[PDB]
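In the structure tokens that follow, the same protein chain appears in two forms, which are kept apart as structure 1 and structure 2.
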Structure 1
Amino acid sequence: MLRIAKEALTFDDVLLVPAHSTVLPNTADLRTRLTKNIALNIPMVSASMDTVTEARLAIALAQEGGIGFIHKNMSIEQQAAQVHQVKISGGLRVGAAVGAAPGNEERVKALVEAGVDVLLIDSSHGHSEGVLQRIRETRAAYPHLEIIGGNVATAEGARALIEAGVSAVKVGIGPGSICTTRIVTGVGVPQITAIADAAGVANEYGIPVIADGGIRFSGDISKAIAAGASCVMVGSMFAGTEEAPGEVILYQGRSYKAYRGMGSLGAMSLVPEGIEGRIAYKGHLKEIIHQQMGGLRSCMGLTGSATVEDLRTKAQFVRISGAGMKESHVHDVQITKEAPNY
């Protein structure tokens, strides 16, 4: 009577199993794919959010081997200009977002004319007739444009996007840090299972999966890749960097920047699907990426994964309980110094 499809898992439900290794962290190969036609030197892309990615962060991230997605909460002229600013900064790639609603044809044309490398239809509605037909329309108009459609969280959603013509499948319905879709609507799929379910289909086509949302610690990047993702999209992890939009706010001896959902009231201007918040100031993006990729390298040394494909297709998990996750964190000790990756 209760129509329950299966028990789905998230990052804190699993750990990666150490295995025979010939890999040292400094020899690990971090290269991967965003699409069949767009390679990345590291498996990180930035969220299309108004508190994460404008040209400044997109440039810095691309210089580190990732790609940024310029957010849609600005005029067409402004967004095209940001794309152009990244493109003229010496051989760098950039993406840009547009919404799922009809009437974005002019915006897409302007972004393409500005040299955008990949268009994102930025939505939770990947498995909808509207988004699928938007993808088909876009693929007709731009036969050689790399396209990522709305997010999905299932095998059938991934298949539908692929059949519509996307270049990569992005996975995540409500796992975001600043996000309340799952609470407001009741809808979502724990992210590890969501990634694996999508990958089971996408792998058949050689189409990359992008794991979007819920990444808190560098270890979550490893887990997302092992679940089947070719790369991760992050908001919180990059929010609060110097390069992210917004000024640094001093409060009670500590520094912060604003970070908000794109379905928050502030971002939309209504029934919101995110909140408005503040996040500790992180310093420069370069050091954050170094910390995060250091964790992933150390993972690859422990799992014996020479490349991201090895991690993505060969590494094994164990299922854990809540006590297992409490043991994984610091426990039974007072932390006197905050570590740069914790």
Structure 2
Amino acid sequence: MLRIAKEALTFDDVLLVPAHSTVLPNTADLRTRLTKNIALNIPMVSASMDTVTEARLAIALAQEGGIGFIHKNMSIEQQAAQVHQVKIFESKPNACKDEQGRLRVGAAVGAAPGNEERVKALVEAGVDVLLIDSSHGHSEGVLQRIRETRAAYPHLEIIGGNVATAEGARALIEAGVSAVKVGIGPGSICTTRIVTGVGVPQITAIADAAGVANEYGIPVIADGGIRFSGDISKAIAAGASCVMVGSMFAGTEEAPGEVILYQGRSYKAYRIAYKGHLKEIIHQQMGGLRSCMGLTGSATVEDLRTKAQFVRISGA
């Protein structure tokens, strides 16, 4: 009677299984793909949020091997100048760089009509990848905007999202995206779920999206619901090529905002706890992933993504 498509799993419903291994944490290879034609050295990209990514964080992340997405809450000119500032930026052996030896950078735009001028300025400033972000990637208007952008820029790497289903992933692929970003109500008690009743637990969302996207060689980016480094491992093993994070980098030295002192503690203000330099965070998070790769015998990210197994666990 009730129309239940299936049962859906989140991070806490599963654990990775240890396996025969010739991989040590320090020999694990963290390289992977953001898009069809863009390699990463670590599987982390930063969210296009105005408390997370401007040029300075985008530089610092690229130097550690990820890519940052410059946020769209600023003028066209400011957004293009920040993209440009990352591309011309000149001890960092894992730096994520293009074919021309420049730090990679991404930038976000909205899916509403009228963003053409912004896209054009971003591409002319040398952006490596354009993110069309939306709260509903399976919306026809979003699909339409992606197709228009792919036609106007046939060689531009474009990430479209967010979706949480096989059919949503396929629609984005058919609209021309270079990667599928996944996450609709991915957090266990998030606003979307509470307010709308809509959501898909993220391990199932990633796997369903990856099952389609794998057949085209198109990466899936996991966006949301990550609380601990162990969730990164799980998101990859479910099918994701990398993870997007936001609040985890908000509050770092390199993130926007000014440090202020308030009641004997340090916050960033525009208030979020001060987290020190981005790279210490990356080191701790990637130190968990590397241990997982040791325990699972995953030499490469792709081995974790396509071969590692899970067990299903109870609440207890």
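Structure 1 provides the reference sequence; residues are numbered from 1 along it. Under this definition, the rigid core comprises the largest set of C-alpha atoms superposing within 1.5 Å between the forms.
Only one of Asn104, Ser177, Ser167, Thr154 has its Cα shifted by 2 Å or more between the two structures after fitting on the core, and that residue is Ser177. Shown in the overlay between the two structures, fitted on the rigid core, is a CA shift at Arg254 of 2 Å or greater. Superposing the rigid core and comparing between the two structures gives a CA shift of 0.3 Å at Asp310.
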